[PDB]
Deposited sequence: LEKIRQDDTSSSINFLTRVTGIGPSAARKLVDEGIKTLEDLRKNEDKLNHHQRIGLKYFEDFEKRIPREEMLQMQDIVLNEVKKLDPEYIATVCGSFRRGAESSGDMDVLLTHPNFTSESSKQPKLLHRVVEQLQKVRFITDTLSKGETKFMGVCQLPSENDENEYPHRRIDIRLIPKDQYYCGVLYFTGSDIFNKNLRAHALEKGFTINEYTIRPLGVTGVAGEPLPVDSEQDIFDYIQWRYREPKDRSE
């Protein structure tokens, strides 16, 4: 009824899932003005999501992505040129517009053997805040940051969703591959790998064999290494629609 019409609306606020939305509509919270007069009922992530409600429903043109990409790769390099940062999503594939910016970050000092270096991520988050790029934090942990960013103006741009995730160096490219391609491409590359006797996931590529269910991750130093193993000619991100 109107109770389902309100829940649908509430699910449009980042951070407010179905469960939270229902109890909220139960509390008598139905419209955006209701939410704005009841921040005390929402968690941080939800409140920030509400603050940028409109901006968050606005698409991000490629021109802007390219500019935000320059700010991120640039600040990252200054901190330590040994950091590798890659903006993924449909954007990497050449999309004319995006809904957000998803970044995978790594550093050779951090391998899957390592695991426990929050500061490699935080140092980046902190620097991006110092330059007034990252403006708010939805939530931040030891390997993942979900937040808000905004392009600078001499007057202004809509606030945008940005996420940055710290990935082990030895699992990096398998990571970038997963976060690019496309649901359909990943599905197609994954199946071709199987025919070749390999199994690919977002962390590694392994050899399979008889009886099935086997492994031991091979070294990956580029996306190319993954394509080589399954003897597929390298496919540029723009040819990864499927």
| property | result |
| --- | --- |
| Regions of the deposited sequence not represented in the model | 1 to 6, 162 to 164 |
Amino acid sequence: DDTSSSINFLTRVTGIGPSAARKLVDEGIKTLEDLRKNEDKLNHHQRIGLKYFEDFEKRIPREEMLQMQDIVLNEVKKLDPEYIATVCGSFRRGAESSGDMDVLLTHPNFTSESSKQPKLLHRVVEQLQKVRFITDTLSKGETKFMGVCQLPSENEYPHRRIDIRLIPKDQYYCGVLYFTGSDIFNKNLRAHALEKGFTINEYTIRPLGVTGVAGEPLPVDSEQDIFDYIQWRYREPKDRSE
From here on, numbers count along this sequence of modelled residues.
| query | finding |
| --- | --- |
| Mean Cα B-factor comparison, 115 to 123 or 79 to 87, giving the higher one as deposited | 115 to 123 |
| Greater mean Cα temperature factor according to the PDB record, 233 to 241 or 1 to 9 | 1 to 9 |
| Residue with maximal Cα B-factor (values as given in the PDB entry) among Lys30, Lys58, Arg47, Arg62 | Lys30 |
| Options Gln69, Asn43, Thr204, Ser182 - largest CA temperature factor per the record | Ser182 |
| Relative C-alpha B-factor of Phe110, binned into the chain's lowest, middle or highest third | lowest |
| Ranked against its chain, the third holding the CA B-factor of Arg161 | lowest |
| Modelled-residue ranking by C-alpha temperature factor, third containing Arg132 | highest |
| B-factor third for the C-alpha atom of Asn155 within its chain | highest |
| Third of the chain's Cα B-factor distribution that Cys174 belongs to, per the entry | lowest |
